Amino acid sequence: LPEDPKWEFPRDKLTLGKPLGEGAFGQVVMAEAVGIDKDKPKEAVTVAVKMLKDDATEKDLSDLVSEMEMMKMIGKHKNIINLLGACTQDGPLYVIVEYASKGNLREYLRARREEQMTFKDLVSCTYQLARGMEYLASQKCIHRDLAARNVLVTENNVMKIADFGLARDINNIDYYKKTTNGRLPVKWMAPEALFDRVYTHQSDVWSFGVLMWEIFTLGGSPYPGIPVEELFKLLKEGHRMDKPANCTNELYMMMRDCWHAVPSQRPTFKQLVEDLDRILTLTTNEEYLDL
């Protein structure tokens, strides 16, 4: 793999640890990185390392490189997990990212159904992710795998968009159309992406709506009781998920707006941020309190 000193990290200063993610297969691990922080030379930092699975194909590697390059290019944002470095020379490919001590969003929410979640907290999570995606979209890049499992939570409860394994740079085409193959998160995909294989910022918006649903159901699984294979027919029929109990009517309509059948009629992340900010501010300044 090509060299890139800027992000290269000394393997010798990296020590792999335990696997991360209940539903993961062990290719993502915790790890100690000594000197990863330019400032602190001898200070060891707990990080997360992603590598190829035991028996990786040719494309597999190609997909991990892309994930890394995507992270390299988009730049820093408070609501996007940070790339810290990579070990690409004389050894297995390791992509080092900051460690989120509270796991993915789904595990995080399920554990607080232990400081329980309040309506305000749910709106806050949603607002933060809309900001992260607004930023990603402003870079003319699509994520393609927006879901609770791909959102991490820091020690201080900050929302971090992660796993850019399917992310694409659409700066020159304005829309990505795959002709290849591979497993895809169909229950999070917009109809046009599923049926026409067309992805855009608007298809990410659709996925954001599903994410909102996961957040308000506190880590629930989309289209409950519906085998993934049965979803295709339902979508062709215009099926849409019901409103989660913890969701206000206003937020449910926002959810349904994200699922508008016409891509261009769905709100933009810019609009979602503005509406979510209004809703967050009002809730923060008006919520009822237990005395």
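Residue indices: 1-based, along the sequence shown.
> How much of the deposited sequence is absent from the coordinates between residue 113 and residue 114: none, 1 to 3, 4 to 9, or 10 or more residues?
Per the record, 10 or more deposited residues are absent between residue 113 and residue 114.
> Quick check: 220-228 versus 52-60, which has the larger average CA B-factor in the record?
Mean CA B-factor is higher for 52-60.
> Tell me which stretch, 135-143 or 187-195, has the higher mean Cα B-factor listed in the entry.
Stretch with the greater average CA B-factor: 187-195.
> Going by the CA temperature factor in the entry, name the top one among 87, 158, 105, 166.
Reading the PDB entry, the winner on C-alpha B-factor is 87.
> By the CA temperature factor listed in this entry, which of these ranks top: 243, 239, 40, 256?
If I rank 243, 239, 40, 256 by C-alpha B-factor, first place goes to 40.
> Going by the CA temperature factor in the PDB record, which third of the chain does residue 248 belong to: lowest, middle or highest?
Middle third by C-alpha B-factor.
> What third of the chain does residue 265 rank in for C-alpha temperature factor, lowest, middle or highest?
It falls in the bottom third of the chain.
> Please place residue 178 in the lowest, middle or highest third of its chain according to the CA B-factor in the PDB entry.
Top third by C-alpha B-factor.
> Of the three thirds of its chain by CA temperature factor, lowest, middle or highest, which one includes residue 83?
For residue 83, whose C-alpha B-factor we compare with every modelled residue in the chain, the answer is the middle third.
> Would you mind ranking residue 154 by its C-alpha B-factor against the rest of the chain and naming the third, lowest, middle or highest?
It belongs to the middle third of the chain when residues are ordered by C-alpha B-factor.
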